[PDB]
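> Handing you this structure, nothing more for now.
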Amino acid sequence: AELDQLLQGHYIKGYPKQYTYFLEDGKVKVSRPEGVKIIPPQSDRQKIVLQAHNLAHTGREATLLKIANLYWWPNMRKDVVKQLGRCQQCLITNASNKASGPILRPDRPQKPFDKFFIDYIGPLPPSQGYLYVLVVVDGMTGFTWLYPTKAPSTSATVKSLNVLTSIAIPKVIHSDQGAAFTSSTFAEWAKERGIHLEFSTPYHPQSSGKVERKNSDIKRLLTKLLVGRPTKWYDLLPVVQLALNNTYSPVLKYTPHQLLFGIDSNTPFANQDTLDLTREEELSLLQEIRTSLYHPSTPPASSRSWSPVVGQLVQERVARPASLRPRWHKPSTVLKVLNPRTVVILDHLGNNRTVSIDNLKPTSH
Amino acid sequence: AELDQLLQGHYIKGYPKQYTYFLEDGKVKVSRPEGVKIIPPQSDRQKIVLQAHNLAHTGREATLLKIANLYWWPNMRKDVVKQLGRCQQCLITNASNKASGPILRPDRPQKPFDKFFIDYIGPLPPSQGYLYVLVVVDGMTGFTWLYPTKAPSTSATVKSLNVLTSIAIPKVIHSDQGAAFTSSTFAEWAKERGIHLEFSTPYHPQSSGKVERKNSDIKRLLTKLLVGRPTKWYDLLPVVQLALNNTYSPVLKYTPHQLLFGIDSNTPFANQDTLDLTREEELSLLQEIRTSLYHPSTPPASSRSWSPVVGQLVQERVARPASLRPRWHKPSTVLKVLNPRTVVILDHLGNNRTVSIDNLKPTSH
Amino acid sequence: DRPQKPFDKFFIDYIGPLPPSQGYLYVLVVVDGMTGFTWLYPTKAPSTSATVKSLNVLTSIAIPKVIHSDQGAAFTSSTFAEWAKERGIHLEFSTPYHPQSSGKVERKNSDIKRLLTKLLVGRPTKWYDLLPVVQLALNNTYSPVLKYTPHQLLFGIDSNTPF
Amino acid sequence: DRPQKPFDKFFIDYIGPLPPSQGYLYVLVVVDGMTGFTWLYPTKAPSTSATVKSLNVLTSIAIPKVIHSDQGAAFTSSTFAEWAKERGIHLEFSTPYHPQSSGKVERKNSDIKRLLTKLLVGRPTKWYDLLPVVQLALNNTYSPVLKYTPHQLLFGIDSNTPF
DNA sequence: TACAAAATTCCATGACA
DNA sequence: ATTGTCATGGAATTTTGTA
DNA sequence: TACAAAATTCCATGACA
DNA sequence: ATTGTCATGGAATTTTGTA
Ligand SMILES: COc1cc2c(cc1Cc1cccc(Cl)c1F)c(=O)c(C(=O)O)cn2[C@H](CO)C(C)C
Ligand SMILES: COc1cc2c(cc1Cc1cccc(Cl)c1F)c(=O)c(C(=O)O)cn2[C@H](CO)C(C)C
Ligand SMILES: [Mn+2]
Ligand SMILES: [Mn+2]
Ligand SMILES: [Mn+2]
Ligand SMILES: [Mn+2]
Ligand SMILES: [Mn+2]
Ligand SMILES: [Mn+2]
Ligand SMILES: [N+]
Ligand SMILES: [N+]
Ligand SMILES: [Zn+2]
Ligand SMILES: [Zn+2]
């Protein structure tokens with residue numbers, strides 16, 4: 001319909017005159033620098049674009065290059081991009097090319113016992129019938145308790161923590177969302193004692209970073225102490241715990257133990273600087289030291305980061321994707337931006353999920 | 001012995017006078033800005049340093065901070081660093097903090113059939129009794145052949161390649177060192193036909209990068225074609241092969257098929273630009289196109305890269321490290337620097353290994 | 001008209017029956033009309049089915065615009081007819097008993113026949129394994145015109161196995 | 001002399017036998033001499049062995065310079081003696097029958113005793129589970145000197161469970 | 001001899017277990 | 001002997017159709 | 001108002017499956 | 001609701017002992 005006028009030589013908004021628009025085989029054709037191409041009617045173009053794209057589900061440029069072989073029309077790419085936006089398959093399989101924005105460096109907990117980070121390591125080679133270590137890191141000081149367990153289970157966690165909290169009770173316990181800690185029994189145990197449970201976003205160990213980073217040290221020391229010997233870790237845990245609690249962080253210039261106690265115990269090479277102050281003068285120096293510790297700033301954003309905007313279309317990573325299946329869930333909507341690195345989404349569907357950017361891609365197009 | 005003169009007030013090379021060197025408890029002591037420290041005799045210092053280090057096998061700064069609590073002497077760190085160099089355990093467990101230098105971008109093969117890259121994908125969900133796909137990528141053009149197999153085995157490889165090389169015989173076949181290709185049967189098959197086998201360094205897929213990158217596309221397309229359906233890949237391989245061979249690389253502006261043939265087949269959207277040239281004029285245009293393709297340059301080095309120097313002490317990564325065991329082999333010597341990214345080492349011990357930087361750390365100290 | 005190019009026409013025919021090698025009895029022969037490049041596919045029958053399976057292999061590489069063939073039952077069938085319409089291949093049939101091809105193709109299709117008998121006598125039940133060698137051999141033979149090998153016309157480059 | 005500080009001295013003693021809770025009969029009592037911080041360890045015997053196992057737990061946290069104790073067979077043994085020399089802990093023994101400690105420690109060691117009987121009658125075979133609560137309770141009690149809780153003297157900060 | 005916008009090229013990001 | 005690669009989609013740049 | 005070298009601080013790199 | 005962390009050992013910087 002709209003193609004008659006063009007052969008007539010009358011101008012059409014978007015069809016550059018100066019190119020001769022002739023007719024052959026009952027199709028409208030144009031002679032262009034690139035060659036001679038067919039101009040299809042509006043009502044055919046979407047069908048065309050889809051056909052080309054469906055050959056190997058190619059993105060913008062790759063799709064267009066195919067189409068360009070035979071056809072021309074105004075703003076070809078505009079139409080291509082429209083299709084790629086509606087291809088269910090590509091949207092849920094294609095990877096990202098936009099990276100998460102800069103991480104955050106959550107303020108260090110004010111006082112010890114404000115916050116405990118916990119996680120299980122393992123399974124390890126059976127020593128004495130045990131397979132796992134429960135690791136508990138005090139957020140403020142970095143002080144760490146270790147407990148050997150036969151399963152990464154609520155039972156074991158509760159048993160171990162009943163010992164630990166004979167010393168003091170924490171305000172908050174941070175954990176990942178592993179079955180051990182997401183169980184109702186644990187919540188109840190925690191409620192009985194006035195402890196808030198706080199959970200990492202799903203599938204994101206960075207959130208448990210304080211405890212995770214400590215797992216590395218724990219493993220690395222056990223490893224060194226076990227070179228040449230059989231892997232008999234059970235008897236070493238106490239030694240490791242003690243060793244690591246009395247190790248300086250070159251950055252802080254303190255051992256976790258010093259930050260917890262303000263004075264060394266009777267260990268090798270025990271610092272004696274405060275030997276002359278009364279416990280009181282010592283206790284305030286520590287209070288002062290605790291507040292003036294190093295605190296890391298958040299790194300610069302990479303060239304091509306993305307940040308979450310309320311009402312954005314966003315896709316969550318498939319947790320345990322099967323072989324040959326899409327690595328992403330269908331699209332969801334950002335409901336609240338909790339911080340620039342955590343959001344609430346209306347997922348599949350529709351439930352509220354608190355989720356990390358690192359487990360999200362912005363739906364392209 | 002050497003400590004009498006100091007109490008006497010006579011100068012000792014390396015002991016800064018102005019600090020009063022008194023005596024208490026039968027040990028020599030010095031009053032320093034940091035506090036009052038003990039100065040141990042030469043014949044005790046190594047024992048001390050080791051004792052401190054052995055507490056948690058701490059590195060330079062962390063070790064020194066312990067020692068500094070009780071002792072002082074000239075150039076404490078010098079002595080610390082000496083120990084850390086001789087600690088078998090730390091050397092083979094501690095990770096690196098120096099990154100490999102810039103990768104290389106090996107010249108693209110001149111003509112097709114110069115070089116084939118091959119690898120197996122899988123296992124995949126059993127389709128038609130098959131589990132693996134043999135993937136064969138022509139180095140020059142990127143053209144890819146796919147073959148379904150029941151095992152990633154020499155038998156299957158040989159069977160498949162007997163079909164492929166009915167078309168043409170390649171000069172070189174590049175593969176990883178998986179049992180399938182390192183077997184004598186394969187070498188023999190290859191020798192019978194005058195094909196050089198060339199192997200990637202151990203445990204380094206970057207070397208097979210051309211074929212590996214192609215595995216990604218193969219998997220990603222199968223995936224999209226399988227959304228919603230059961231994973232019946234066997235019947236799709238031909239379609240996938242065809243699809244991908246006729247897909248443009250936005251960078252090259254050509255499909256593998258175009259680079260192999262200089263003219264499209266009877267496929268959807270087949271390019272018609274050369275329709276007017278005789279096959280001959282067409283064949284030279286292609287020869288010209290093949291030589292003038294994009295070629296990626298090697299990226300800038302990161303701040304803290306290291307590069308291999310003949311006779312350097314160097315450590316190879318443990319292949320399949322057990323739980324709680326060291327992630328590195330004992331030290332070895334660089335024998336030849338093949339390119340700035342590949343070396344020959346006298347390993348464990350002593351055999352000649354051709355090895356990648358990425359699987360090496362420079363022995364610290 | 002436009003100058004003749006590879007993939008414009010694929011001439012196909014059956015050779016056989018032959019003595020059984022690996023339980024195979026026939027060879028399907030595909031020659032490209034322009035270059036003279038040859039594909040050989042062992043089959044168990046001169047049937048539409050055996051053809052389709054074979055040509056599915058070949059058409060993962062390249063699809064011709066036209067397949068030409070004699071009026072063998074295997075090619076005239078409607079199943080083959082449908083197969084070809086699917087892939088957008090036109091079907092062309094030589095009149096019965098007057099089976100014409102390109103000058104170059106007769107000359108080619110003839111060597112294949114000579115070459116088969118040649119390395120078929122004294123090696124009779126072993127020919128399945130030698131197809132690859134036979135194939136390579138043909139594709140790298142110098143046709144006195146145009147003093148190029150089929151391999152060279154198809155790929156625009158020398159071979160790593162010359163003859 | 002130097003002012004008194006936590007970890008300078010750990011006063012230790014056994015309490016029991018008690019009615020069996022979870023097959024446990026005795027409590028080993030560790031009080032820090034300076035702060036009055038208390039640890040409680042359930043044991044099955046007032047033996048060197050049961051002591052060592054218990055104190056291995058405590059000494060993964062902090063090691064005292066001195067342990068003071070009565071001349072109970074469990075503490076005077078040579079196995080305990082060796083254990084202490086290993087960890088570099090000096091052993092100090094009160095003369096027999098004249099069992100002296102710090103003023104503050106007697107006062108502390110006394111509450112523990114009161115508090116045990118208190119929540120032991122009517123709750124007799126259940127005391128193993130309440131040790132954590134008992135422990136927390138003591139460590140957060142205000143000694144009229146120095147108007148600080150053991151918890152506060154040890155950690156230099158308030159508790160999240162006050163009394 | 002200059003404009004807005006389309007068309008092209010750039011290119012960090014991530015995945016080949 | 002041996003060696004990373006390249007589709008993707010926003011952004012940055014270049015070209016285009018019209019003065 | 002200054003030098004060489006030791007001592008300290010900086011900080012990219014990698015590992016917590 | 002929730003959020004990355006920090007030991008390590010060369011290099012870059014600052015301080016030190018002596019003029
Ligand atoms: C890094 O972990 C990998 C190990 C891989 C592969 C791939 C990856 C991830 C990766 C994949 C592809 C390309 C790149 Cl450059 C890349 F980084 C293979 O593809 C492969 C094969 O047999 O093909 C064998 N391995 C083995 C594992 O047991 C070893 C070589 C570690
Ligand atoms: C990225 O792969 C990981 C997955 C991890 C963990 C660790 C890593 C690697 C990693 C480890 C530690 C810290 C950081 Cl910062 C980090 F990046 C855990 O440590 C963990 C747990 O239960 O503790 C559970 N996962 C599960 C896996 O099934 C999911 C959270 C994917
Ligand atoms: Mn966990
Ligand atoms: Mn973990
Ligand atoms: Mn492989
Ligand atoms: Mn692979
Ligand atoms: Mn016939
Ligand atoms: Mn007693
Ligand atoms: N925070
Ligand atoms: N190269
Ligand atoms: Zn698609
Ligand atoms: Zn060490």
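Here, A, B, ... name the chains of the structure tokens in the order displayed, residue numbers run from 1 inside each chain, and ligands are numbered from 1 in the same displayed order.
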Give the strand (DSSP E) residues of range 253-320 of chain B, as DSSP finds them on the backbone, and put them as a ChimeraX atom specification.
/B:305-306,313-317
> Those selected residues, please, written with N, CA, C and O atoms and delivered as a CSV table (one decimal), in the first residue's frame.

chain,number,residue,atom,x,y,z
B,305,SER,N,52.7,-8.0,37.5
B,305,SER,CA,52.9,-9.2,36.8
B,305,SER,C,54.3,-9.7,37.1
B,305,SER,O,55.2,-8.9,37.6
B,306,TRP,N,54.6,-10.9,36.8
B,306,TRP,CA,56.0,-11.5,36.8
B,306,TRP,C,56.3,-12.2,35.5
B,306,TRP,O,55.4,-12.7,34.8
B,313,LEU,N,63.8,-19.8,40.4
B,313,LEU,CA,63.0,-20.7,41.1
B,313,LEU,C,61.5,-20.5,41.0
B,313,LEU,O,61.0,-19.4,41.2
B,314,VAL,N,60.8,-21.6,40.7
B,314,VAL,CA,59.5,-21.6,40.2
B,314,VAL,C,58.7,-22.8,40.7
B,314,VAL,O,59.2,-23.9,40.8
B,315,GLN,N,57.4,-22.6,41.0
B,315,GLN,CA,56.6,-23.7,41.5
B,315,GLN,C,55.4,-24.0,40.7
B,315,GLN,O,54.6,-23.1,40.4
B,316,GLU,N,55.1,-25.3,40.5
B,316,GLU,CA,54.0,-25.8,39.6
B,316,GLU,C,52.8,-26.1,40.5
B,316,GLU,O,52.9,-26.6,41.6
B,317,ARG,N,51.6,-25.7,40.0
B,317,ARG,CA,50.4,-26.0,40.8
B,317,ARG,C,50.1,-27.5,40.9
B,317,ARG,O,50.2,-28.2,39.9
> Skipping near chain neighbours, those fewer than 2 positions away, what residues fall within 7 Å of residue 128 in chain B using only C-alpha atoms (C1' of nucleotides), listed as an NGL selection string?
:B and (126 or 130 or 234)
> Selection from above, N, CA, C and O atoms, as a PDB file, in the first residue's frame, can you write it?

ATOM      1  N   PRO B 126      21.984 -38.359  28.210  1.00  0.00           N
ATOM      2  CA  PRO B 126      21.846 -39.385  27.191  1.00  0.00           C
ATOM      3  C   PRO B 126      20.763 -39.078  26.182  1.00  0.00           C
ATOM      4  O   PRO B 126      19.582 -39.102  26.508  1.00  0.00           O
ATOM      5  N   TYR B 130      24.031 -41.575  23.085  1.00  0.00           N
ATOM      6  CA  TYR B 130      25.261 -40.797  22.980  1.00  0.00           C
ATOM      7  C   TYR B 130      25.417 -39.818  24.143  1.00  0.00           C
ATOM      8  O   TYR B 130      24.426 -39.327  24.684  1.00  0.00           O
ATOM      9  N   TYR B 234      20.888 -35.029  20.108  1.00  0.00           N
ATOM     10  CA  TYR B 234      21.430 -35.803  18.983  1.00  0.00           C
ATOM     11  C   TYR B 234      20.944 -35.303  17.629  1.00  0.00           C
ATOM     12  O   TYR B 234      21.740 -35.046  16.738  1.00  0.00           O
TER      13      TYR B 234
END
> Per residue of chain A within 9 Å of ligand 9, what are the shortest atom pair and its distance in Å to one decimal, counting only C-alpha atoms and all ligand atoms, with rows by chain and residue number, as CSV?

residue,atom,partner,partner_atom_place_in_ligand_line,distance
A:104,CA,ligand 9,1 (N),8.5
A:105,CA,ligand 9,1 (N),7.5
A:106,CA,ligand 9,1 (N),4.0
A:107,CA,ligand 9,1 (N),4.4
A:108,CA,ligand 9,1 (N),7.5
A:109,CA,ligand 9,1 (N),8.5
> Create the file for the chosen residues now, containing N, CA and C atoms and written as an mmCIF file, in the first residue's frame.

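Now in part-v4.cif:
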data_model
loop_
_atom_site.group_PDB
_atom_site.id
_atom_site.type_symbol
_atom_site.label_atom_id
_atom_site.label_comp_id
_atom_site.auth_asym_id
_atom_site.auth_seq_id
_atom_site.Cartn_x
_atom_site.Cartn_y
_atom_site.Cartn_z
ATOM 1 N N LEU A 104 30.323 -2.888 48.582
ATOM 2 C CA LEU A 104 30.242 -2.036 49.770
ATOM 3 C C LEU A 104 31.118 -2.612 50.855
ATOM 4 N N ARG A 105 31.581 -1.744 51.742
ATOM 5 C CA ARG A 105 32.450 -2.170 52.808
ATOM 6 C C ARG A 105 31.790 -1.895 54.145
ATOM 7 N N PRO A 106 30.784 -2.725 54.520
ATOM 8 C CA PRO A 106 29.929 -2.491 55.683
ATOM 9 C C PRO A 106 30.757 -2.108 56.894
ATOM 10 N N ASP A 107 30.279 -1.121 57.647
ATOM 11 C CA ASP A 107 31.010 -0.621 58.796
ATOM 12 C C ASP A 107 31.338 -1.761 59.727
ATOM 13 N N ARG A 108 32.544 -1.737 60.273
ATOM 14 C CA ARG A 108 32.941 -2.752 61.227
ATOM 15 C C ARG A 108 32.074 -2.568 62.462
ATOM 16 N N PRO A 109 31.532 -3.674 62.997
ATOM 17 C CA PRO A 109 30.779 -3.696 64.239
ATOM 18 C C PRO A 109 31.479 -2.940 65.366
#
> Identify, on the basis of only C-alpha atoms (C1' of nucleotides), every residue whose closest approach to range 337-346 of chain A does not exceed 7 Å; exclude the query and any residue fewer than 4 positions from it along the same chain; express the result as a list in words.
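With the cut-off at 7 Å, the set is residues 307, 308, 309, 310, 332, 333, 350, 351, 352, 353, 354, 355, 356 and 357 of chain A; 2 of chain H.
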> Enter the distance from CA of residue 224 in chain B to CA of residue 318 in chain A, in Å, rounded to one decimal.
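About the pair CA of residue 224 in chain B and CA of residue 318 in chain A: they are 14.9 Å apart.
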> Using only C-alpha atoms (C1' of nucleotides) and all ligand atoms, find each protein or nucleic acid residue lying at most 6 Å from ligand 6; present the set as a ChimeraX atom specification.
/B:119,121,212
> Using only C-alpha atoms (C1' of nucleotides), determine which residues of chain B fall within 9 Å of chain H; present them as a list in words.
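On the chain B side, the interface is residues 16, 17, 58, 59, 60, 61, 62, 94, 95, 96, 97, 98, 304, 364 and 365 of chain B.
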> Which residues come within 9 Å of residue 27 in chain B, counting only C-alpha atoms (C1' of nucleotides), excluding same-chain residues fewer than 2 positions away, as a compact mmCIF listing (two decimals) with N, CA, C and O atoms, in the first residue's frame?

# COMPACT_ATOMS: atom_id res chain seq x y z
N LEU B 23 72.12 -3.75 81.28
CA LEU B 23 72.09 -5.18 81.57
C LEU B 23 71.08 -5.48 82.69
O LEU B 23 71.04 -4.77 83.69
N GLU B 24 70.27 -6.53 82.50
CA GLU B 24 69.32 -7.01 83.52
C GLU B 24 69.03 -8.49 83.32
O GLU B 24 68.97 -8.96 82.18
N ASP B 25 68.86 -9.21 84.42
CA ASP B 25 68.53 -10.65 84.41
C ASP B 25 69.55 -11.51 83.66
O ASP B 25 69.26 -12.63 83.25
N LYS B 29 70.01 -5.57 77.39
CA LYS B 29 68.77 -4.86 77.04
C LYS B 29 69.06 -3.48 76.46
O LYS B 29 70.07 -2.86 76.78
N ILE B 38 64.90 -6.77 74.66
CA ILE B 38 66.06 -7.64 74.87
C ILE B 38 66.83 -7.81 73.57
O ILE B 38 66.23 -7.99 72.52
N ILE B 39 68.15 -7.75 73.64
CA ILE B 39 68.97 -8.03 72.46
C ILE B 39 69.60 -9.40 72.61
O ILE B 39 70.51 -9.58 73.41
N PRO B 40 69.14 -10.38 71.83
CA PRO B 40 69.72 -11.71 71.95
C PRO B 40 71.02 -11.86 71.14
O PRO B 40 71.19 -11.16 70.14
> Step by step, measure atom-to-atom distances between ligand 12 and each residue using only C-alpha atoms (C1' of nucleotides) and all ligand atoms, keep those at most 10 Å, then write them as a PyMOL selection string.
(chain A and resi 221+224-225) or (chain B and resi 50+52-59+63+83-94)
> Give me, as an NGL selection string, the set of residues whose atoms come within 8 Å of any atom of ligand 1, counting only C-alpha atoms (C1' of nucleotides) and all ligand atoms.
(:B and (119-121 or 176-178 or 202-209 or 212-213 or 215)) or (:E and (15-17)) or (:F and (4-5))
> Save the residues we just selected, N, CA, C and O atoms (P, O5', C5', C4', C3', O3' and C1' of nucleotides), as an mmCIF file, in the first residue's frame?

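And here's out_29.cif as it stands now:
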data_model
loop_
_atom_site.group_PDB
_atom_site.id
_atom_site.type_symbol
_atom_site.label_atom_id
_atom_site.label_comp_id
_atom_site.auth_asym_id
_atom_site.auth_seq_id
_atom_site.Cartn_x
_atom_site.Cartn_y
_atom_site.Cartn_z
ATOM 1 N N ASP B 119 38.374 -30.825 20.725
ATOM 2 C CA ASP B 119 38.068 -31.066 22.123
ATOM 3 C C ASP B 119 36.751 -31.816 22.191
ATOM 4 O O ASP B 119 36.001 -31.846 21.210
ATOM 5 N N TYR B 120 36.487 -32.440 23.338
ATOM 6 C CA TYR B 120 35.203 -33.058 23.608
ATOM 7 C C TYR B 120 34.441 -32.226 24.609
ATOM 8 O O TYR B 120 35.038 -31.690 25.557
ATOM 9 N N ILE B 121 33.126 -32.132 24.385
ATOM 10 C CA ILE B 121 32.161 -31.573 25.325
ATOM 11 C C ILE B 121 31.461 -32.750 25.988
ATOM 12 O O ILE B 121 31.238 -33.782 25.337
ATOM 13 N N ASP B 176 43.986 -30.648 23.753
ATOM 14 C CA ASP B 176 44.425 -30.730 25.151
ATOM 15 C C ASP B 176 45.012 -32.106 25.425
ATOM 16 O O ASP B 176 45.018 -32.961 24.548
ATOM 17 N N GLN B 177 45.533 -32.318 26.621
ATOM 18 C CA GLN B 177 46.231 -33.564 26.897
ATOM 19 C C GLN B 177 45.340 -34.582 27.571
ATOM 20 O O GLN B 177 45.787 -35.279 28.467
ATOM 21 N N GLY B 178 44.082 -34.656 27.147
ATOM 22 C CA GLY B 178 43.139 -35.635 27.677
ATOM 23 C C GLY B 178 43.425 -36.999 27.093
ATOM 24 O O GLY B 178 43.867 -37.112 25.940
ATOM 25 N N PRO B 202 49.812 -28.642 30.080
ATOM 26 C CA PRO B 202 48.903 -29.305 31.016
ATOM 27 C C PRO B 202 47.997 -28.341 31.776
ATOM 28 O O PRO B 202 48.457 -27.286 32.228
ATOM 29 N N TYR B 203 46.727 -28.729 31.916
ATOM 30 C CA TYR B 203 45.725 -28.000 32.707
ATOM 31 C C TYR B 203 45.658 -26.492 32.405
ATOM 32 O O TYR B 203 45.912 -25.655 33.294
ATOM 33 N N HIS B 204 45.304 -26.164 31.158
ATOM 34 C CA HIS B 204 45.319 -24.789 30.661
ATOM 35 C C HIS B 204 44.442 -24.700 29.409
ATOM 36 O O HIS B 204 44.928 -24.884 28.292
ATOM 37 N N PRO B 205 43.135 -24.434 29.585
ATOM 38 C CA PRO B 205 42.266 -24.461 28.409
ATOM 39 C C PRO B 205 42.439 -23.265 27.476
ATOM 40 O O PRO B 205 42.013 -23.345 26.325
ATOM 41 N N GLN B 206 43.060 -22.183 27.951
ATOM 42 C CA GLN B 206 43.277 -20.992 27.121
ATOM 43 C C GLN B 206 43.948 -21.348 25.797
ATOM 44 O O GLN B 206 43.670 -20.730 24.762
ATOM 45 N N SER B 207 44.842 -22.343 25.854
ATOM 46 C CA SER B 207 45.609 -22.836 24.707
ATOM 47 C C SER B 207 44.669 -23.451 23.668
ATOM 48 O O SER B 207 44.807 -23.204 22.475
ATOM 49 N N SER B 208 43.692 -24.224 24.134
ATOM 50 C CA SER B 208 42.605 -24.701 23.276
ATOM 51 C C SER B 208 41.480 -23.667 23.053
ATOM 52 O O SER B 208 40.382 -24.020 22.596
ATOM 53 N N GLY B 209 41.781 -22.397 23.343
ATOM 54 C CA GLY B 209 40.798 -21.307 23.369
ATOM 55 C C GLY B 209 39.876 -21.199 22.168
ATOM 56 O O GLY B 209 38.690 -20.895 22.301
ATOM 57 N N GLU B 212 37.539 -23.973 22.575
ATOM 58 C CA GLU B 212 36.788 -23.892 23.814
ATOM 59 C C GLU B 212 35.706 -22.864 23.644
ATOM 60 O O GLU B 212 34.541 -23.127 23.967
ATOM 61 N N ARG B 213 36.086 -21.711 23.090
ATOM 62 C CA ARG B 213 35.145 -20.622 22.818
ATOM 63 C C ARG B 213 34.007 -21.080 21.928
ATOM 64 O O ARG B 213 32.881 -20.631 22.074
ATOM 65 N N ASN B 215 32.896 -24.209 21.939
ATOM 66 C CA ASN B 215 32.043 -25.059 22.743
ATOM 67 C C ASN B 215 30.928 -24.245 23.384
ATOM 68 O O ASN B 215 29.772 -24.662 23.405
ATOM 69 P P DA E 15 29.313 -16.125 32.935
ATOM 70 O "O5'" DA E 15 29.398 -17.296 31.846
ATOM 71 C "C5'" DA E 15 29.021 -17.122 30.483
ATOM 72 C "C4'" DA E 15 29.545 -18.268 29.637
ATOM 73 C "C3'" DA E 15 29.936 -19.538 30.386
ATOM 74 O "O3'" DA E 15 29.952 -20.685 29.540
ATOM 75 C "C1'" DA E 15 31.863 -18.516 29.579
ATOM 76 P P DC E 16 30.054 -22.138 30.232
ATOM 77 O "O5'" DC E 16 31.084 -23.011 29.366
ATOM 78 C "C5'" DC E 16 30.824 -23.525 28.065
ATOM 79 C "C4'" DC E 16 32.162 -23.601 27.365
ATOM 80 C "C3'" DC E 16 33.237 -24.410 28.062
ATOM 81 O "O3'" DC E 16 33.132 -25.753 27.674
ATOM 82 C "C1'" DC E 16 34.097 -22.367 27.090
ATOM 83 P P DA E 17 32.518 -26.878 28.612
ATOM 84 O "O5'" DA E 17 33.163 -26.626 30.048
ATOM 85 C "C5'" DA E 17 32.692 -27.443 31.124
ATOM 86 C "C4'" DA E 17 33.793 -28.310 31.733
ATOM 87 C "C3'" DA E 17 33.399 -29.180 32.923
ATOM 88 O "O3'" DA E 17 34.156 -30.384 32.898
ATOM 89 C "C1'" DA E 17 34.677 -27.261 33.664
ATOM 90 P P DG F 4 48.692 -17.908 26.335
ATOM 91 O "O5'" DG F 4 47.218 -18.169 25.783
ATOM 92 C "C5'" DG F 4 46.779 -17.350 24.710
ATOM 93 C "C4'" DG F 4 45.472 -17.840 24.137
ATOM 94 C "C3'" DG F 4 44.857 -16.877 23.136
ATOM 95 O "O3'" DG F 4 44.705 -17.522 21.897
ATOM 96 C "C1'" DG F 4 43.262 -17.507 24.790
ATOM 97 P P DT F 5 44.121 -16.734 20.627
ATOM 98 O "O5'" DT F 5 42.541 -16.712 20.891
ATOM 99 C "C5'" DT F 5 41.808 -17.890 20.651
ATOM 100 C "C4'" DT F 5 40.314 -17.683 20.792
ATOM 101 C "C3'" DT F 5 39.799 -16.534 19.943
ATOM 102 O "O3'" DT F 5 38.913 -17.121 19.023
ATOM 103 C "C1'" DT F 5 38.853 -16.469 22.148
#
> Kindly provide, as a ChimeraX atom specification, the residues of chain B having any atom no farther than 6 Å from an atom of chain C, counting only C-alpha atoms.
/B:166,238,242,261,265-266,278,283
